[PDB]
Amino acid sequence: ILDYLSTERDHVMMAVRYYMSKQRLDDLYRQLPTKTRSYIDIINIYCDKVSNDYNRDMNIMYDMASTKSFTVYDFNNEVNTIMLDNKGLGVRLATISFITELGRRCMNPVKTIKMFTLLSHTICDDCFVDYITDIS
C-alpha cells in the first residue's frame, strides 16, 4: 500500500476515501433488518474459517489471478459453470473467501466494487440461498 502513499496528498486522499467508505458501511448496517444481520454473521463465521484453513491455497490462487490473461468477467462465468454442476455449500464459501482475498489486494476501489457486485449475483444462487436460510 505504501507504493501508493508517496505524498502527503495521497495520505490525505486515502484518509478521506476511507472515512467516506467506512461511514457508508456503518450507516448501511444501521439500516439492515435482523434477518440480514444474521446472514452477515453466518457468512462471517464460515468464510473466516475457510479463509484461515485454506489461507495458503487462497494465496497462490491469487498469484495466478494476477497474470495478464486473467479477467474477472471470464472468471465469473467459470464460477457460474461450477455452481451449476456442484451444489455443495463448500465451493460457494470457498468462492466468497477467494473473491474477498482478491479484494484485499486490489487498490482500485471501483474495480473491486464491480467485482464484488458481479460475483455476489453469481455466488448467491438458489442453492446458496437455501443453505444460509437453513443455517439461520
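Residue numbers here begin at 1 and follow the sequence given.
Chemist: Once you work out the mean C-alpha B-factor for both 126-134 and 2-10 from the entry, which is higher?
Modeler: Mean C-alpha B-factor is greater for 2-10.
Chemist: Averaging only over Cα atoms, indicate whether 74-82 or 53-61 has the higher B-factor in the PDB entry.
Modeler: Mean B over CA atoms: larger for 53-61.
Chemist: Highest recorded C-alpha temperature factor, please, choosing from 107, 28, 40, 94.
Modeler: Result of the comparison over 107, 28, 40, 94: 107.
Chemist: Compared with the other modelled residues in the chain, in which third is the CA B-factor of residue 36?
Modeler: Middle third.
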